[PDB]
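Taking it in order: structure first as structure tokens, then the write-up.
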Amino acid sequence: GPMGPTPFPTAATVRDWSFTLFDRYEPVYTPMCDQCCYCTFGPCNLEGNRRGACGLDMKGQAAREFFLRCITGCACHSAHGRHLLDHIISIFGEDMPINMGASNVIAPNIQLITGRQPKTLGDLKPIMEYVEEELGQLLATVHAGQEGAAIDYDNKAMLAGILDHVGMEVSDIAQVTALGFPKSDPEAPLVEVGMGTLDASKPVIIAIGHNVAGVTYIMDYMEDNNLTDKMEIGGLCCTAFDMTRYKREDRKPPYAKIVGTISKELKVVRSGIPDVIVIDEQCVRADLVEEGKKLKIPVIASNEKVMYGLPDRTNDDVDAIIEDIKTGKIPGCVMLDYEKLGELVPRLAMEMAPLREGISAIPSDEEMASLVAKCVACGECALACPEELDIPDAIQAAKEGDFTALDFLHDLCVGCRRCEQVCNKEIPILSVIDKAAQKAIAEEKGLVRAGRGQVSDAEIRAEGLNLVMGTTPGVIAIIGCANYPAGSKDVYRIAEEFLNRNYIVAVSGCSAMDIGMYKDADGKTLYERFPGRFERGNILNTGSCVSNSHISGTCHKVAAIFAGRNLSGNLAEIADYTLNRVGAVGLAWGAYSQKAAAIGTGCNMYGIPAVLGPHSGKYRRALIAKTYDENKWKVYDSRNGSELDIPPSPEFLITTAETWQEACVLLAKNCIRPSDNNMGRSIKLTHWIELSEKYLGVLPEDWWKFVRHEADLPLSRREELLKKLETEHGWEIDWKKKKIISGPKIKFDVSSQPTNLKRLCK
Amino acid sequence: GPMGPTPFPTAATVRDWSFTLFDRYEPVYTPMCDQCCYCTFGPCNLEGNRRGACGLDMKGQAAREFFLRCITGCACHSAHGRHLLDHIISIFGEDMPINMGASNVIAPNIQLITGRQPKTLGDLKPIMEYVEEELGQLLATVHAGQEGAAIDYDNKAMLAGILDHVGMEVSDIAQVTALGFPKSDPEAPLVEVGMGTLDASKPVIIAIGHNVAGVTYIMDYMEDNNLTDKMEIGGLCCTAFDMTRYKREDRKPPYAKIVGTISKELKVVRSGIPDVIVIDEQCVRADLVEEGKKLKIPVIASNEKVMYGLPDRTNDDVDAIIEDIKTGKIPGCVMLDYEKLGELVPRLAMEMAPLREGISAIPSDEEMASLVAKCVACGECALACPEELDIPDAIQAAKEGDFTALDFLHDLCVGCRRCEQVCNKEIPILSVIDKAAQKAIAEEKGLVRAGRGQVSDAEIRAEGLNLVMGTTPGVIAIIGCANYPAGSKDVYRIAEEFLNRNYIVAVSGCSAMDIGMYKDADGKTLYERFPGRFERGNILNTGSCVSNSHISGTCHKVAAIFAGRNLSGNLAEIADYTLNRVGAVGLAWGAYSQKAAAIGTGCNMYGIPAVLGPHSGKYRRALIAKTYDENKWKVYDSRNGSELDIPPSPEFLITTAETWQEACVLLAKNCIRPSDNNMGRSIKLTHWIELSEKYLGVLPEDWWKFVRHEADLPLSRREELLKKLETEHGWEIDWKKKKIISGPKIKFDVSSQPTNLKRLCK
Amino acid sequence: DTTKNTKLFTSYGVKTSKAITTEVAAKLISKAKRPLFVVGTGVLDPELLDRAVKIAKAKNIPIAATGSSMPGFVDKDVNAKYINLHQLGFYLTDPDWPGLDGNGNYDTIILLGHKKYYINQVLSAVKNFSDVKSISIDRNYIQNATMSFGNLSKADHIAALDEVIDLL
Amino acid sequence: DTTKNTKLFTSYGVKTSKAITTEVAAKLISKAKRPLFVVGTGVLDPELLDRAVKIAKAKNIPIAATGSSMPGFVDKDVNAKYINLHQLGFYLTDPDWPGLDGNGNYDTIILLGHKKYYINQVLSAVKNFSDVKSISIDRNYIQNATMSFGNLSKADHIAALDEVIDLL
Ligand code: SF4
Ligand code: SF4
Ligand code: SF4
Ligand code: SF4
Ligand code: SF4
Ligand code: SF4
Ligand code: SF4
């Protein structure tokens with residue numbers, strides 16, 4: 001078949017496309033530090049964009065830090081994929097054909113980047129080898145004196161992001177093909193999520209991490225031992241999604257439960273509900289053993305990445321490990337044998353449940369009163385809180401008999417106990433807040449749809465025209481972590497606000513968990529209120545963190561299947577098409593981790609803008625365009641090659657918002673694309689203006705820059721907007737026929753084809 | 001053939017050996033930062049060993065930072081090796097047999113780690129693939145919430161270090177086999193090193209970096225164009241060693257020159273001598289273009305890792321690039337084509353030499369006087385100097401007509417111009433110092449022996465018994481970077497002091513360059529004064545940075561060839577043998593880079609202690625044993641299995657000294673090993689006591705802890721030391737026969753076999 | 001006493017803002033050439049909104065209402081415009097930015113009602129890559145500003161705001 | 001005036017040492033229970049060696065001569081012993097270290113004649129993983145110490161040392 005110009009890309013292979021992107025969206029640097037500390041020549045003070053002892057300046061150092069974050073995220077996803085693929089090939093075999101669903105382009109990201117079309121499982125190994133090679137080169141570039149310019153660091157960050165997307169795609173494809181995951185099911189079963197969904201009268205296993213192989217072995221033991229209804233297994237983070245997707249192509253509800261995000265780990269440990277904690281991979285707290293040994297909660301590690309300093313009893317007999325754990329010799333162990341782990345963990349939970357009865361860190365009412373009365377209001381806890389919660393005010397209210405302030409603080413808190421280590425009264429602030437909100441915690445239940453996987457080709461053909469023309473207002477990819485600024489309900493509010501306006505909302509990761517935790521006045525979640533297909537007004541959940549590759553590949557497949565392009569080694573052309581025509585925007589309201597940065601950068605390289613939470617300014621790098629400059633918003637017409645002006649949309653590639661209202665406005669405005677017809681532009685403008693008036697109280701100042709025709713204006717308020725154009729901007733509109741005769745700067749051409757590349761322009 | 005228990009090791013495969021090492025040599029943590037800044041939950045204040053929002057504490061964060069440094073160094077060496085091997089296979093072929101010299105164990109590190117015995121060049125690809133896989137896993141471990149314990153981070157750091165040694169071995173083996181490098185030649189030619197060795201009346205090419213692939217092409221063009229005697233090509237850093245080793249198996253002197261270390265890059269640029277600068281990879285300053293455009297010095301990049309933000313003219317015609325550079329359109333370009341680069345760089349130097357005549361940043365005498373008179377003695381430059389040089393005092397002396405202070409400061413300065421960016425008088429302090437020392441710079445010439453490569457098996461048989469028994473006082477591996485605390489002569493002083501006492505001094509990297517820059521009163525360097533074989537009193541230069549794998553493999557071959565062990569997958573046993581019997585110590589007096597940390601950690605895992613400079617406390621982690629505790633210095637006898645006490649030597653695995661005198665004392669003391677015979681112990685004790693009296697003014701306080709017999713004492717001062725043992729410690733010595741009858745705590749057994757492992761003990 | 005408590009959990013570096021009194025902040029705001037009043041959503045508190053409106057009216061200061069604080073200025077008779085705070089920080093570093101009204105960049109920005117970890121990250125770029133001055137008049141001590149109030153309680157913050165208005 | 005200039009090129013964090021006068025340092029040294037005098041090779045300067053000897057003799061302070069400063073103490077009548085500074089910092093963090101003389105650990109260490117980037121890295125571990133107090137009486141302001149002199153010239157350093165000896 002035909003091949004594009006960029007198969008198996010390297011830093012020099014994608015430098016032209018990255019430079020084209022950075023010409024419009026300039027990299028804004030927000031250094032987290034005034035100093036660099038990489039080598040022993042330092043620490044070097046770089047305040048004022050000064051240079052270090054090696055000659056690198058502040059901008060270069062910030063770019064290098066962001067590049068390191070992106071390659072770290074890529075490494076996590078790639079290592080997950082490699083481990084999963086090795087286990088899957090060792091068990092099921094490498095001749096097993098790939099079964100992703102009902103489609104022809106099985107691997108969109110893989111085909112786009114490496115130009116390959118894998119058929120069986122063994123064909124995925126060379127992709128992983130190439131990813132490992134490129135990761136090695138990029139990590140070598142981190143060394144001192146290895147790059148002097150920040151723009152080349154940005155190019156390498158883009159390359160790392162697309163490598164991360166390839167790795168996520170490999171991992172998700174392998175696990176879906178092997179472990180009987182749902183195969184692009186519009187109607188996958190609803191699963192229970194929440195801390196209060198766990199039945200604490202039963203032995204409780206709690207799985208934390210991202211890798212699910214050992215979890216699958218534990219589930220197999222529980223199923224074949226008929227222990228599904230006698231025990232309770234819950235999961236935190238993306239491993240919960242993976243276990244709830246396990247063997248669910250039969251579409252029956254799962255029995256494993258979802259507890260919450262990373263913010264819930266310490267709260268669940270302090271509650272005393274878990275009987276045995278098993279940790280697998282990334283996103284695992286480092287104080288689990290210290291906080292668990294107080295409440296006699298054993299910890300079992302199952303991966304070499306997270307050994308947790310525990311003894312290695314992998315080759316020891318299961319009963320011996322159980323006896324040493326019961327006697328209290330060790331707080332846990334490392335078990336790298338999957339059969340032995342799957343036997344051991346349920347038995348350990350069973351034999352530990354009767355031993356630890358009523359043990360919890362939640363204070364009693366008298367103890368809570370004494371702890372509240374102990375405080376002196378010195379303000380160190382408020383200073384140390386990542387979310388700047390007014391802890392001293394809540395405690396002062398608690399001294400008077402009012403516990404509503406701490407109850408309100410409960411949802412905003414991320415359960416990090418950074419406040420407890422600065423109190424000189426030794427007040428367990430996190431436990432005090434949990435005690436104050438113990439009723440709301442008991443009421444914390446919800447429903448979330450299981451991870452469907454990728455999007456089938458039939459839905460792609462159904463929605464491609466609607467999306468490219470703007471009939472569908474756009475795609476909102478609500479993804480990312482749970483480092484929210486003002487609680488976990490903001491993602492729910494945004495998702496509801498955009499589902500009510502018939503957007504296509506695709507969710508994944510911890511954000512799906514937090515969306516499914518809130519019900520309306522009647523008592524239904526968004527997942528049961530709206531269907532789960534890929535169409536207007538539908539919220540679909542792709543699955544775990546590695547499922548964002550399915551959203552990116554959905555954009556790729558919109559470009560390929562509909563417009564009839566070639567994916568193989570064609571990153572620049574497909575990304576240009578996505579940037580100019582597909583109205584997709586991403587949202588990471590609580591991104592904290594390096595994987596989030598890698599996913600965002602990979603989406604940027606593919607042409608998808610992203611809004612992030614206020615905490616994401618600590619990533620040190622955004623991509624923002626200049627609207628006042630006009631030379632930046634100029635492309636070529638693909639039919640001939642002439643200069644064509646485009647509206648300033650998207651006006652950024654990565655930005656950070658402060659509140660969820662401004663985030664809603666930004667998401668509504670950034671779905672606008674060039675090459676939108678009159679009806680699509682009318683719909684997008686209507687939604688943007690309505691949201692701006694609802695949340696910000698004013699009609700957008702630059703709304704007129706997106707009007708090319710009288711049909712572009714909203715149909716309901718056409719006359720008032722025409723009068724506004726007549727008066728404020730002195731345009732010329734013919735009132736006899738209600739048409740625009742003079743004023744617009746970009747004329748409307750239906751067959752105009754805006755492109756950023758001249759090589760394929762004719 | 002037989003295989004050991006640990007082929008292709010992972011983190012869990014080497015955790016027992018690392019734990020055994022850390023039981024004795026406890027990890028000391030010296031945090032460079034009170035805060036962690038990895039994710040957006042932070043920055044987290046960790047002062048007082050507090051925990052961050054993820055639960056990780058100060059010790060864990062310091063261990064993670066050191067682990068990141070080690071994996072970065074491993075990545076640099078591995079990427080160098082992969083690029084070199086790919087180029088070599090593409091040119092010469094993958095069927096080319098490996099020709100390292102005259103030996104049977106061609107790849108000691110590779111065989112020790114992966115259990116493989118490669119024969120041709122193609123067999124090295126799977127090793128590189130395994131290294132890339134393990135690098136991916138280790139970099140994935142860097143993510144937030146991926147490891148909670150510092151000891152597991154230390155284990156992964158050891159694994160990264162040995163992976164780094166494997167990568168260096170691969171790279172050096174490939175380049176020596178392909179590029180006609182000297183094949184273990186004890187008599188490799190002497191090459192000229194120094195800034196003053198460059199003839200500035202000729203067109204000058206200056207090569208900076210570590211990769212020589214492109215350089216070799218430039219040298220081929222110069223040779224076949226008969227331009228060797230009409231131009232001057234010099235190199236800085238390890239690429240200079242690589243070019244001076246190119247095609248030198250014929251043992252004739254090279255024509256390329258060595259300019260200096262990383263500290264000389266900016267000084268050479270400011271001198272105006274270079275006509276064209278070509279940069280390949282790591283250890284390249286980031287302000288080369290900014291400082292070169294003032295003096296019209298074009299910069300040509302040749303690798304994707306360092307593209308320097310220059311335009312990419314790889315596919316453009318050579319003459320067009322030359323004309324654009326000459327007119328001043330661009331300060332340089334990126335050339336990824338090796339033939340084109342090899343044609344372009346000499347022609348560019350030829351056409352740029354007549355254009356830039358007399359251009360330099362060195363101030364004139366009147367300009368220098370005015371600049372000196374401008375200073376007001378505010379002290380910001382002294383505050384900003386990495387070496388804490390007393391710049392204001394030197395300038396105050398210069399105001400009075402005395403330039404000896406700045407001349408003295410010239411050698412201590414590392415040419416980083418961090419002082420220039422804080423002066424409010426805009427005084428070019430580095431240029432002022434260079435002007436003051438312009439005579440000494442003109443006199444800066446020296447000789448260094450070319451990189452011989454690995455050590456042949458014949459010399460290993462010749463020296464194994466002497467090294468193991470202690471007849472040779474030991475091996476001193478002087479390696480590392482040029483971040484010296486008090487000038488570049490300290491390495492020369494240490495090397496001379498240890499060569500005068502008949503140690504085996506093996507050098508590599510920038511330290512060899514700095515050793516070869518100083519001559520005695522007569523006028524000869526150490527390289528011409530002492531032979532270059534592998535025996536007592538000989539200083540041998542292995543080559544570039546990737547040649548430290550030859551020193552480590554020399555230790556592995558001492559263990560294998562002499563004692564008759566099996567290398568294949570036998571890291572723990574070989575490392576235990578090296579730690580207990582081989583008296584080898586390393587010294588990195590000016591280590592700053594991450595590659596230095598990786599090499600040191602790899603040597604530590606192999607059982608080789610290392611001394612570092614005062615700047616190396618910024619690495620955040622040392623490995624120091626407790627001498628007062630006695631349970632730490634206990635091993636098992638390999639013949640039976642009983643408890644055997646050993647002297648506290650080595651007392652550290654990684655330590656930092658302050659001055660070179662203390663470093664000499666530490667190196668002398670840390671060559672002492674158990675299982676030393678009476679004569680070897682006598683020699684080592686004599687050298688240690690003599691150096692301690694010479695440099696510290698006292699006889700060592702714990703000298704008696706290393707005496708097991710009256711023959712262990714130095715032969716010349718036996719009686720006085722016996723009287724000291726009789727008096728100070730109340731021992732019992734028979735004066736009739738001059739023998740020790742009572743008092744020692746460890747008895748001397750000739751056939752005692754100390755081992756740290758019970759599995760192979762019988 | 002707005003210069004007493006200047007405690008921080010973490011530090012950006014050696015450089016830090018100067019703690020100032022109400023008199024000094026009043027003088028700096030009154031002597032500014034082309035000031036801008038950057039306000040976040042935290043200004044929507046009823047005790048802060050009237051104070052901000054009075055400060056802006058006393059000196060005819062254009063207002064950049066970042067976040068979702070714009071609805072609190074629609075009814076008031078002030079010149080306030082919405083702009084994303086990150087985009088505003090990016091635009092302030094460009095010397096040839098026309099500005100909110102198109103009359104040129106600004107030399108001083110007054111900051112009120114902002115989240116510490118957000119305004120600090122914007123001010124990092126503003127102070128490291130531009131020559132704009134920043135005056136934080138909030139209740140949290142901001143390191144990356146040029147001049148800033150110290151840590152204050154809400155009552156003390158209100159009293160300090162009244163003191164600044166009195167001297168304006 | 002040893003508390004005026006406390007400038008730093010780089011900062012370890014929010015926590016920093018307290019700048020003290022000669023009277024305060026003299027009181028702290030005189031009231032120490034089991035002090036140790038850690039001296040580097042920088043003490044070998046002739047004007048510093050006699051001052052260090054007089055300080056140690058005035059209070060019978062055991063001396064840890066790190067680096068290669070031991071030859072400057074052999075002839076004098078003081079109790080000085082060589083120890084690697086990194087190893088000394090490692091041993092001070094162990095509560096059950098017998099000490100140089102084997103009589104227990106130390107609660108206060110006086111630091112004189114050290115490289116800033118070396119003593120700071122040792123003091124980082126000492127202050128973060130132990131309860132030992134550190135008094136820097138050198139001419140460079142040390143952040144990681146507990147109490148420290150400010151930045152001083154050589155003449156001012158000598159005058160401050162004489163002032164400390166006078167009050168000892
Ligand atoms: S970059 Fe991060 S680790 Fe390094 S000094 Fe700054 S805050 Fe500390
Ligand atoms: S890498 Fe450069 S800026 Fe960073 S510490 Fe080293 S010399 Fe300074
Ligand atoms: S740190 Fe403790 S004592 Fe101080 S205000 Fe907070 S809860 Fe009260
Ligand atoms: S545990 Fe909650 S309240 Fe305490 S510092 Fe962390 S986020 Fe703030
Ligand atoms: S990785 Fe942990 S310690 Fe570091 S900033 Fe994030 S939460 Fe804080
Ligand atoms: S910074 Fe400049 S003016 Fe100040 S002391 Fe140094 S040379 Fe003199
Ligand atoms: S250029 Fe030399 S004198 Fe100036 S700061 Fe760097 S090392 Fe010190």
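Within each chain, counting starts at residue 1; across the structure tokens, chains are named A, B, ... in the order shown, with ligands numbered 1 upward in that order.
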
Site check for ligand 5: residues at most 9 Å away, only C-alpha atoms and all ligand atoms, as a VMD selection string: (chain A and resid 285 to 286 416 592 to 593) or (chain B and resid 35 to 46 51 to 58 61 143 to 145)

Surroundings of ligand 4 up to 7 Å, based on only C-alpha atoms and all ligand atoms, as an MDAnalysis selection string: (chainID A and resid 381 384:389 391 413:420 429:430) or (chainID B and resid 53)

Long-range neighbours of residue 136 of chain B as a PyMOL selection string, 7 Å cut-off, only C-alpha atoms, 5 positions minimum in chain: chain A and resi 75+79+132+135

If you keep N, CA, C and O atoms, can you produce a file of those selected residues as a PDB file, in the first residue's frame?
ATOM      1  N   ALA A  75       7.420   6.835  29.123  1.00  0.00           N
ATOM      2  CA  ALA A  75       8.072   5.641  29.643  1.00  0.00           C
ATOM      3  C   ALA A  75       7.111   4.802  30.467  1.00  0.00           C
ATOM      4  O   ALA A  75       7.125   3.571  30.380  1.00  0.00           O
ATOM      5  N   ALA A  79       6.273   1.071  29.324  1.00  0.00           N
ATOM      6  CA  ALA A  79       6.620  -0.050  30.188  1.00  0.00           C
ATOM      7  C   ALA A  79       5.392  -0.876  30.536  1.00  0.00           C
ATOM      8  O   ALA A  79       5.453  -2.113  30.556  1.00  0.00           O
ATOM      9  N   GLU A 132      11.055   1.812  22.490  1.00  0.00           N
ATOM     10  CA  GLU A 132      12.129   1.752  23.478  1.00  0.00           C
ATOM     11  C   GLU A 132      13.397   2.429  22.967  1.00  0.00           C
ATOM     12  O   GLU A 132      14.074   3.140  23.720  1.00  0.00           O
ATOM     13  N   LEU A 135      12.810   6.161  23.073  1.00  0.00           N
ATOM     14  CA  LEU A 135      12.843   6.586  24.466  1.00  0.00           C
ATOM     15  C   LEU A 135      14.274   6.680  24.974  1.00  0.00           C
ATOM     16  O   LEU A 135      14.619   7.610  25.710  1.00  0.00           O
TER      17      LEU A 135
END

Near-segment 149-160 of chain C list (6 Å; only C-alpha atoms; drop same-chain fewer than 4 positions) as a PyMOL selection string: chain C and resi 2-3+5-6+19-20+137+139-141

Expected answer as a PyMOL selection string: chain D residues within 6 Å of chain B, only C-alpha atoms: chain D and resi 9+12-13+67-68+70-71+118+121+124-125+128

Using only C-alpha atoms, find which residues of chain C lie within 6 Å of chain D and jot them down as a PDB file with C-alpha atoms, in the first residue's frame.
ATOM      1  CA  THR C  10       8.084  26.611  49.456  1.00  0.00           C
ATOM      2  CA  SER C  11      10.478  29.057  47.817  1.00  0.00           C
ATOM      3  CA  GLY C  13      14.557  30.996  44.743  1.00  0.00           C
ATOM      4  CA  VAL C  14      16.746  33.609  46.381  1.00  0.00           C
TER       5      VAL C  14
END

9 Å contact set for residue 78 of chain C, only C-alpha atoms, chain neighbours under 3 positions out, as an MDAnalysis selection string: chainID C and resid 53 56:57 60:63 73:75

Residues within 6 Å of ligand 3, counting only C-alpha atoms and all ligand atoms, as a list in words: residues 375, 376, 377, 378, 379, 380, 381, 392, 422, 423, 424 and 425 of chain A

I need the residues from that last selection saved to file as a PDB file, in the first residue's frame (with N, CA and C atoms), if you can.
ATOM      1  N   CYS A 375      -6.514  22.845  69.127  1.00  0.00           N
ATOM      2  CA  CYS A 375      -5.919  23.780  68.177  1.00  0.00           C
ATOM      3  C   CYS A 375      -5.800  25.183  68.764  1.00  0.00           C
ATOM      4  N   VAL A 376      -4.782  25.908  68.302  1.00  0.00           N
ATOM      5  CA  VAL A 376      -4.472  27.250  68.778  1.00  0.00           C
ATOM      6  C   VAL A 376      -4.539  28.284  67.658  1.00  0.00           C
ATOM      7  N   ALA A 377      -4.813  27.856  66.423  1.00  0.00           N
ATOM      8  CA  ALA A 377      -4.950  28.733  65.258  1.00  0.00           C
ATOM      9  C   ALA A 377      -3.643  29.481  64.972  1.00  0.00           C
ATOM     10  N   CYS A 378      -2.635  28.694  64.594  1.00  0.00           N
ATOM     11  CA  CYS A 378      -1.348  29.237  64.183  1.00  0.00           C
ATOM     12  C   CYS A 378      -1.200  29.368  62.672  1.00  0.00           C
ATOM     13  N   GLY A 379      -2.010  28.659  61.891  1.00  0.00           N
ATOM     14  CA  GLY A 379      -2.066  28.852  60.456  1.00  0.00           C
ATOM     15  C   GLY A 379      -1.056  28.091  59.627  1.00  0.00           C
ATOM     16  N   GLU A 380      -0.316  27.148  60.214  1.00  0.00           N
ATOM     17  CA  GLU A 380       0.669  26.404  59.435  1.00  0.00           C
ATOM     18  C   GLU A 380       0.001  25.408  58.495  1.00  0.00           C
ATOM     19  N   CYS A 381      -1.107  24.802  58.930  1.00  0.00           N
ATOM     20  CA  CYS A 381      -1.802  23.832  58.089  1.00  0.00           C
ATOM     21  C   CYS A 381      -2.340  24.481  56.821  1.00  0.00           C
ATOM     22  N   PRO A 392      -7.817  26.425  59.529  1.00  0.00           N
ATOM     23  CA  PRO A 392      -8.001  27.031  60.860  1.00  0.00           C
ATOM     24  C   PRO A 392      -9.394  27.586  61.090  1.00  0.00           C
ATOM     25  N   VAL A 422       2.804  19.537  59.861  1.00  0.00           N
ATOM     26  CA  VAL A 422       3.211  20.862  60.317  1.00  0.00           C
ATOM     27  C   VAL A 422       2.471  21.308  61.567  1.00  0.00           C
ATOM     28  N   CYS A 423       1.468  20.563  62.018  1.00  0.00           N
ATOM     29  CA  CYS A 423       0.750  20.913  63.233  1.00  0.00           C
ATOM     30  C   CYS A 423       1.599  20.579  64.451  1.00  0.00           C
ATOM     31  N   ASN A 424       1.757  21.550  65.349  1.00  0.00           N
ATOM     32  CA  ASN A 424       2.471  21.318  66.596  1.00  0.00           C
ATOM     33  C   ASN A 424       1.572  20.762  67.691  1.00  0.00           C
ATOM     34  N   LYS A 425       0.265  20.695  67.455  1.00  0.00           N
ATOM     35  CA  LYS A 425      -0.663  20.027  68.354  1.00  0.00           C
ATOM     36  C   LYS A 425      -0.906  18.575  67.969  1.00  0.00           C
TER      37      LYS A 425
END

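With only C-alpha atoms as the basis for measurement, B:283 is the residue among B:320, B:334, B:283, B:433 that approaches chain A most closely.
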
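In this structure, atom CA of residue 351 of chain B sits 17.5 Å away from atom CA of residue 207 of chain B.
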
All residues 10 Å or closer to residue 48 of chain D, only C-alpha atoms, same chain fewer than 2 positions away omitted, as a ChimeraX atom specification: /D:42-46,50-54,112-113,138,154,157-158,161

Option closest in space to ligand 2, from B:397, B:355, B:566, B:284 [counting only C-alpha atoms and all ligand atoms]: B:284
